[PDB]
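Undergrad: Before we start, here is the structure in question, set down as structure tokens.
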Amino acid sequence: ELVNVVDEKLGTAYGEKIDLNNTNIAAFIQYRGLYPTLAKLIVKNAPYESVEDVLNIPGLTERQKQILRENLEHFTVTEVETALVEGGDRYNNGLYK
Amino acid sequence: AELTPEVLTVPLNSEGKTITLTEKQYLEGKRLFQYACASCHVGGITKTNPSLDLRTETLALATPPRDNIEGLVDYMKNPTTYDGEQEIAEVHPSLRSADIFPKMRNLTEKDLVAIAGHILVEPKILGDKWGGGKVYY
Amino acid sequence: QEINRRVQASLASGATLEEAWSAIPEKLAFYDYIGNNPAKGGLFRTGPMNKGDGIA
Amino acid sequence: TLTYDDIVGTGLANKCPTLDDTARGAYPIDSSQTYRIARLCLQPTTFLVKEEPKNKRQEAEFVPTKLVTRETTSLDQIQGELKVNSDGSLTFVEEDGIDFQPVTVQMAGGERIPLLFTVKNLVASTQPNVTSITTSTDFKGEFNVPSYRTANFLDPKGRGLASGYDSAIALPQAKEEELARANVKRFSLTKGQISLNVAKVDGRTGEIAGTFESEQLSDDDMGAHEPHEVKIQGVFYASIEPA
Amino acid sequence: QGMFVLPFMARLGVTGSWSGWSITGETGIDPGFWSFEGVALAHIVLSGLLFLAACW
Ligand code: CLA
Ligand code: CLA
Ligand code: HEM
Ligand SMILES: CC1=C(/C=C/C(C)=C/C=C/C(C)=C/C=C/C=C(C)/C=C/C=C(C)/C=C/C2=C(C)CCCC2(C)C)C(C)(C)CCC1
Ligand SMILES: [Ca+2]
Ligand SMILES: [Cl-]
């Protein structure tokens with residue numbers, strides 16, 4: 001029984017929040033302070049077993065940690081989807097305006 | 001419909017103060033925006049980085065906030081990335097980099113205010129078209 | 001519009017939603033289908049309408 | 001020393017560097033030192049495709065094919081960590097580079113076989129106790145083979161995985177079931193295997209060259225058909241460095 | 001497969017296609033010009049030349 005994995009993912013938290021394991025990097029522009037500095041660090045250090053693990057990225061400033069804490073409610077994690085992370089698609093997913 | 005004093009009334013700062021631009025300032029703002037900015041920012045988008053637009057809601061969530069005259073005027077002197085983290089004058093037109101972006105050389109403080117006012121007034125006129133791109137043409 | 005009128009009259013008279021819709025003649029519902037609209041064809045799409053969407 | 005203008009349009013840009021016949025030395029590995037491959041290059045010279053068994057269910061053979069996509073096949077500028085393991089074996093962990101090429105080869109009779117010729121995420125290891133890299137060293141390992149097309153790719157009827165229609169819109173009232181395999185795009189991810197056989201070593205410069213053979217699946221057209229088994233053979237070059 | 005002329009080409013030594021296959025099941029053979037296709041083309045050109053001669 002054949003499934004479109006992207007459509008299916010839209011019915012998970014991936015369709016509701018920024019998925020630190022899958023979502024394209026431009027999504028971090030949605031919230032104050034995340035783009036591009038933290039966005040880059042998050043994508044680079046993915047995947048994460050839980051949202052809070054984002055706080056464990058090396059080199060972070062205290063300011064950066066606090067911004068991350070204030071924005072955990074906007075994050076989720078789901079299993080890595082090959083279709084969303086191949087092709088360097090997390091950095092450029094072929095969508096502009 | 002008219003370009004009224006209310007349409008021309010935009011936030012001066014983050015502290016609740018507004019400024020009412022004159023019709024001539026609005027015209028100057030359009031002219032100067034076309035002169036210095038529209039090559040990349042036509043219609044409120046950004047051609048060399050479409051992820052970032054000139055929508056008011058977008059400017060509000062920028063760091064420091066850019067949804068007011070002061071924020072925009074400061075951007076034009078000392079532009080930063082969206083999180084305020086790096087200064088990008090070396091790759092983005094500004095007064096600080098008027099040496100490498102020569103069109104910025106003749107821009108006065110008054111000019112910057114006019115450009116800032118254009119950026120804030122235009123979406124009040126154009127709605128979703130401003131920063132919308134081709135979808136809304 | 002007629003289908004909706006009939007369903008609303010059924011509901012007003014106390015029928016359930018299932019009953020109201022079950023009272024719609026199949027013949028009437030079939031007219032409310034674009035496959036029977038004569039402006040949906042093609043010049044070289046030959047034969048009966050049944051050859052396209054199938055025998056209803 | 002050759003410049004871009006010396007090389008442009010000759011075909012040389014698709015060739016890996018070679019070492020001359022005198023390069024039969026040994027490159028010492030200090031197990032206290034960290035190492036990298038600064039440049040790995042793979043130049044395919046032959047693509048073989050396993051014929052689909054007629055139904056006899058004997059041994060289907062790998063047969064020759066004709067390259068139709070020109071001198072666009074080599075993997076190069078690849079870099080990664082060269083770990084020294086506790087048993088003295090070396091493990092290459094591919095990090096980055098031009099580590100894939102779409103390639104189309106053509107079988108006798110015309111069937112075209114596109115593949116993503118690749119060493120993406122290569123992890124290759126030598127035999128234990130390699131105190132020096134010599135003409136007796138070999139590397140064996142596996143790599144990832146992602147879908148030949150990525151998720152935005154749209155078929156000629158506008159259907160795709162991350163974009164596109166989800167149905168055959170030109171057949172508005174066709175029964176969907178028979179078309180499910182074409183309508184529902186799937187993204188393949190499989191494993192490949194590669195052997196690197198060192199034939200030449202410059203002990204002084206850290207440069208090695210040899211022959212390789214890799215095995216991987218070809219394109220499956222986003223799940224529309226079965227992939228073929230491909231065997232790629234060619235030459236390689238690598239520069240080892242302390243790092 | 002209902003092949004009628006193919007066996008006559010094969011009988012006298014034409015066994016391969018320009019496309020790379022041979023009727024004995026080989027792959028990657030080069031038949032040269034005189035593949036089944038080359039034979040067919042030669043006959044078509046001959047036909048044309050004989051047609052012109054007939055007109056003369
Ligand atoms: C008023 C004329 C007329 C009309 C409106 C119909 C209508 C119909 N017929 Mg009937 N039919 C007719 C006359 C007509 N018929 C005649 C004269 C015959 C004997 C040939 C038939 C025999 C017939 C059969 C056997 C069948 C039908 C069927 C049908 C249905 C399908 C029609 C179709 O697929 O057309 C397709 C129409 C076209 C593809 C358009 C043709 C356009 C021509 C080729 C243009 C020619 C251009 C010209 C050469 C240009 C010259 C240029 C020059 C001046 C420079 C439809 C209800 C089918 C049906 O469903 O039966 C139950 C069916 O099986 N018809
Ligand atoms: C120009 C030279 C030439 C060559 C090299 C070929 C070559 C070929 N042809 Mg083509 N062909 C040609 C010209 C040629 N043809 C011409 C001019 C025609 C039009 C008539 C044709 C029409 C043709 C057809 C219809 C076919 C071929 C076919 C073939 C293939 C099989 C040949 C075969 O089995 O012969 C068999 C020939 C004989 C058995 C000859 C019999 C000789 C009789 C018995 C002679 C009796 C009279 C004699 C005077 C008696 C005294 C003899 C004396 C020594 C004692 C082969 C690729 C076959 C094919 O594969 O097509 C794709 C096929 O079906 N050819
Ligand atoms: C004086 C004229 C200009 C003005 C007033 C202006 C204004 C702005 C503003 C306010 C932003 C921030 C957007 C946001 O926070 O949502 C921005 C970003 C940007 N602009 Fe301009 N701009 C001008 C000229 C240009 C030109 C000519 C270019 C192209 C060469 C350009 C390219 C960019 C880019 C690439 C960004 C994103 C930068 C980043 O955050 O990394 N701008 N601009
Ligand atoms: C040797 C050889 C061979 C063979 C060959 C052949 C077989 C040939 C032939 C040939 C031919 C078979 C030829 C021919 C021809 C011809 C011609 C040359 C013609 C012509 C013509 C004309 C000129 C005409 C004209 C006209 C017209 C068109 C119309 C009307 C009028 C007129 C009459 C004027 C082969 C391949 C085996 C191989 C190797 C060698
Ligand atoms: Ca060897
Ligand atoms: Cl947006």
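Simple scheme: letters A, B, ... for chains in structure tokens order, numbers from 1 for residues in each chain, numbers from 1 for ligands in the order shown.
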Neighbouring residues of residue E:17 were defined as those with any atom within 8 Å, considering only C-alpha atoms; residues of the same chain fewer than 2 positions away were excluded. Please report them as a tab-separated table (two decimals) with N, CA and C atoms, in the first residue's frame.
TA:
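That gives us around_37.tsv:
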```tsv
chain	number	residue	atom	x	y	z
D	109	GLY	N	20.54	-2.75	-27.78
D	109	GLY	CA	19.11	-2.70	-28.07
D	109	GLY	C	18.42	-1.40	-27.66
E	15	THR	N	23.85	-10.83	-38.15
E	15	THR	CA	23.39	-11.36	-36.86
E	15	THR	C	23.23	-10.30	-35.77
E	19	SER	N	22.17	-1.32	-32.41
E	19	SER	CA	21.77	-1.07	-31.04
E	19	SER	C	22.57	-1.89	-30.02
E	20	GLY	N	23.39	-2.81	-30.51
E	20	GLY	CA	24.30	-3.58	-29.65
E	20	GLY	C	24.01	-5.05	-29.40
E	21	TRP	N	22.82	-5.52	-29.76
E	21	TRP	CA	22.48	-6.93	-29.54
E	21	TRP	C	22.78	-7.81	-30.76
E	22	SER	N	22.91	-9.11	-30.52
E	22	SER	CA	23.05	-10.09	-31.59
E	22	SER	C	22.00	-11.18	-31.38
E	30	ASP	N	29.90	-5.01	-32.04
E	30	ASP	CA	29.80	-4.02	-33.08
E	30	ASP	C	29.72	-4.74	-34.42
E	31	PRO	N	28.52	-4.73	-35.04
E	31	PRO	CA	28.31	-5.46	-36.29
E	31	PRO	C	28.88	-4.73	-37.50
E	35	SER	N	24.65	-4.46	-40.17
E	35	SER	CA	23.68	-4.92	-39.19
E	35	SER	C	22.36	-5.15	-39.94
E	36	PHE	N	21.35	-5.66	-39.24
E	36	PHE	CA	20.00	-5.77	-39.83
E	36	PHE	C	19.55	-4.40	-40.37
E	37	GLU	N	19.83	-3.33	-39.61
E	37	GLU	CA	19.47	-1.97	-40.02
E	37	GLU	C	20.23	-1.54	-41.29
```
Undergrad: Give me the residues near residue D:167 as a ChimeraX atom specification, where near means some atom within 10 Å (using only C-alpha atoms) and where sequence neighbours in that chain fewer than 6 positions away do not count.
TA: /D:157-160,174,176,179-180,182-184
Undergrad: Determine which residues of chain A sit within 6 Å of chain B, taking into account only C-alpha atoms, and present them as a JSON list (two decimals) with N, CA, C and O atoms, in the first residue's frame.
TA:
```
[["chain", "number", "residue", "atom", "x", "y", "z"],
["A", 32, "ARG", "N", 11.30, 35.55, 16.23],
["A", 32, "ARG", "CA", 12.38, 36.47, 16.53],
["A", 32, "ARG", "C", 13.65, 35.77, 17.01],
["A", 32, "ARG", "O", 13.60, 34.92, 17.90],
["A", 33, "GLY", "N", 14.77, 36.14, 16.40],
["A", 33, "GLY", "CA", 16.08, 35.75, 16.89],
["A", 33, "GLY", "C", 16.67, 34.43, 16.41],
["A", 33, "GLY", "O", 17.81, 34.11, 16.75],
["A", 35, "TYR", "N", 17.03, 33.26, 13.06],
["A", 35, "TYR", "CA", 17.65, 33.21, 11.72],
["A", 35, "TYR", "C", 18.64, 34.36, 11.48],
["A", 35, "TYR", "O", 18.32, 35.50, 11.76],
["A", 96, "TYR", "N", 11.13, 29.81, -3.51],
["A", 96, "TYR", "CA", 11.42, 31.21, -3.25],
["A", 96, "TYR", "C", 10.06, 31.86, -3.01],
["A", 96, "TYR", "O", 9.19, 31.23, -2.40],
["A", 97, "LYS", "N", 9.85, 33.10, -3.44],
["A", 97, "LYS", "CA", 8.50, 33.69, -3.37],
["A", 97, "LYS", "C", 7.58, 33.05, -4.41],
["A", 97, "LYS", "O", 8.07, 32.65, -5.47]]
```
Undergrad: Residues of chain D within 8 Å of chain A, counting only C-alpha atoms - could you list those as a list in words?
TA: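 The selection requested is residues 146, 150, 151, 152, 161, 162, 180, 181, 184, 185, 186, 187 and 189 of chain D.
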Undergrad: Which residues are near residue B:103? Cut-off 10 Å, only C-alpha atoms, ignore same chain within fewer than 5 positions. Put them as a PDB file with N, CA and C atoms, in the first residue's frame.
TA:
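Contents of the output file around-v1.pdb:
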```
ATOM      1  N   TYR B  35      15.477  54.442  -6.808  1.00  0.00           N
ATOM      2  CA  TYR B  35      16.860  54.816  -7.113  1.00  0.00           C
ATOM      3  C   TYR B  35      17.903  53.904  -6.459  1.00  0.00           C
ATOM      4  N   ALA B  36      17.708  53.589  -5.181  1.00  0.00           N
ATOM      5  CA  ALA B  36      18.750  52.896  -4.424  1.00  0.00           C
ATOM      6  C   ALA B  36      18.459  51.437  -4.085  1.00  0.00           C
ATOM      7  N   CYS B  37      17.189  51.027  -4.108  1.00  0.00           N
ATOM      8  CA  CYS B  37      16.803  49.742  -3.503  1.00  0.00           C
ATOM      9  C   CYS B  37      16.050  48.774  -4.394  1.00  0.00           C
ATOM     10  N   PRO B  93      23.958  47.596   0.787  1.00  0.00           N
ATOM     11  CA  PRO B  93      24.030  49.064   0.724  1.00  0.00           C
ATOM     12  C   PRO B  93      23.719  49.719   2.063  1.00  0.00           C
ATOM     13  N   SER B  94      24.567  50.661   2.458  1.00  0.00           N
ATOM     14  CA  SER B  94      24.392  51.407   3.706  1.00  0.00           C
ATOM     15  C   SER B  94      25.224  52.673   3.639  1.00  0.00           C
ATOM     16  N   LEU B  95      24.958  53.618   4.540  1.00  0.00           N
ATOM     17  CA  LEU B  95      25.816  54.806   4.616  1.00  0.00           C
ATOM     18  C   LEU B  95      27.238  54.434   5.004  1.00  0.00           C
ATOM     19  N   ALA B  98      29.048  53.386   1.904  1.00  0.00           N
ATOM     20  CA  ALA B  98      28.852  54.269   0.748  1.00  0.00           C
ATOM     21  C   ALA B  98      30.067  54.284  -0.172  1.00  0.00           C
TER      22      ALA B  98
END
```
Undergrad: Would you list the residues that come within 12 Å of ligand 4? Count only C-alpha atoms and all ligand atoms and give the answer as a PyMOL selection string.
TA: chain E and resi 33-34+38-56
Undergrad: Per residue of chain A within 12 Å of ligand 3, which atom pair is closest and at what distance in Å (one decimal), using only C-alpha atoms and all ligand atoms, listed by chain and increasing number, as a tab-separated table?
TA:
```
residue	atom	partner	partner_atom_place_in_ligand_line	distance
A:26	CA	ligand 3	40 (O)	11.7
A:29	CA	ligand 3	16 (O)	8.9
A:30	CA	ligand 3	16 (O)	10.6
A:31	CA	ligand 3	16 (O)	11.7
A:32	CA	ligand 3	15 (O)	10.4
A:33	CA	ligand 3	15 (O)	11.1
A:34	CA	ligand 3	40 (O)	11.9
A:35	CA	ligand 3	40 (O)	8.5
A:36	CA	ligand 3	41 (O)	7.8
A:37	CA	ligand 3	41 (O)	10.4
```
Undergrad: Taking only chain A into account, list the residues labelled helix (DSSP H, G or I) by DSSP (computed from the backbone), as a ChimeraX atom specification.
TA: /A:5-9,13-15,25-30,37-45,51-56,62-70,72-74,82-88
Undergrad: Can you list, as a PyMOL selection string, every protein, DNA or RNA residue that comes within 10 Å of residue C:54 when you count only C-alpha atoms, leaving out same-chain residues fewer than 2 positions away?
TA: (chain C and resi 35+48-52+56) or (chain D and resi 173-174)
Undergrad: Emit the selected residues as a short mmCIF file (atom, residue, chain, number, x, y, z; two decimals), in the first residue's frame, including N, CA and C atoms.
TA:
```cif
data_model
loop_
_atom_site.label_atom_id
_atom_site.label_comp_id
_atom_site.auth_asym_id
_atom_site.auth_seq_id
_atom_site.Cartn_x
_atom_site.Cartn_y
_atom_site.Cartn_z
N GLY C 35 -20.24 15.24 -15.52
CA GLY C 35 -20.06 14.24 -16.58
C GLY C 35 -21.23 14.22 -17.54
N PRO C 48 -20.29 7.28 -27.26
CA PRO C 48 -21.20 7.53 -26.16
C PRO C 48 -20.48 8.12 -24.94
N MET C 49 -21.20 8.90 -24.15
CA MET C 49 -20.68 9.36 -22.86
C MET C 49 -20.16 8.22 -21.98
N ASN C 50 -20.82 7.05 -22.05
CA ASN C 50 -20.40 5.85 -21.32
C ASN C 50 -18.95 5.43 -21.62
N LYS C 51 -18.48 5.75 -22.81
CA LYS C 51 -17.10 5.41 -23.20
C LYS C 51 -16.06 6.22 -22.40
N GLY C 52 -16.50 7.31 -21.79
CA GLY C 52 -15.62 8.17 -21.01
C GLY C 52 -15.55 7.82 -19.53
N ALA C 56 -22.79 4.46 -15.77
CA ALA C 56 -23.20 4.77 -14.39
C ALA C 56 -24.03 3.62 -13.79
N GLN D 173 -11.73 10.66 -14.78
CA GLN D 173 -12.61 9.63 -14.24
C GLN D 173 -12.08 8.20 -14.40
N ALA D 174 -10.76 8.06 -14.57
CA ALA D 174 -10.16 6.72 -14.56
C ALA D 174 -10.15 6.18 -13.13
#
```
Undergrad: Rounded to one decimal place, report the atom CA of residue D:132-atom CA of residue D:28 distance in Å.
TA: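 Computed distance, atom CA of residue D:132 to atom CA of residue D:28, equals 4.2 Å.
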Undergrad: Could I get the residue neighbourhood of ligand 2 at 7 Å, counting only C-alpha atoms and all ligand atoms, as a list in words?
TA: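 These are the residues that qualify: residues 5, 6, 7, 8, 9, 12, 14, 39, 40 and 43 of chain E.
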Undergrad: Please identify all polymer residues within 10 Å of residue B:7, counting only C-alpha atoms, omitting same-chain residues fewer than 4 positions from it, and present them as a ChimeraX atom specification.
TA: /B:2-3,20-21,120-122,124-125
Undergrad: Which polymer residues have any atom within 6 Å of an atom of residue D:104, counting only C-alpha atoms, with same-chain residues fewer than 6 positions away left out, as a list in words?
TA: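 So, after excluding close chain neighbours, the residues are residues 68, 69, 113 and 114 of chain D.
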Undergrad: Taking 6 positions as the minimum chain separation for residues in the same chain, which residues sit within 9 Å of stretch 63-78 of chain A when counting only C-alpha atoms? Answer as a count of residues only.
TA: 25
Undergrad: What is the atom CA of residue A:42-atom CA of residue D:163 distance in Å, reported with one decimal?
TA: 25.2 Å
Undergrad: Hey, which residues come within 7 Å of ligand 1 if we count only C-alpha atoms and all ligand atoms? Could you give them as an NGL selection string?
TA: :C and (43-48)
Undergrad: Set the cut-off to 7 Å, count only C-alpha atoms and all ligand atoms, and list whatever residues fall near ligand 5 as an MDAnalysis selection string.
TA: chainID D and resid 135:138 197:199
Undergrad: Take atom CA of residue D:172 and atom CA of residue A:10 and report the distance between them in Å, one decimal.
TA: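 Pair atom CA of residue D:172 / atom CA of residue A:10 returns 25.4 Å.
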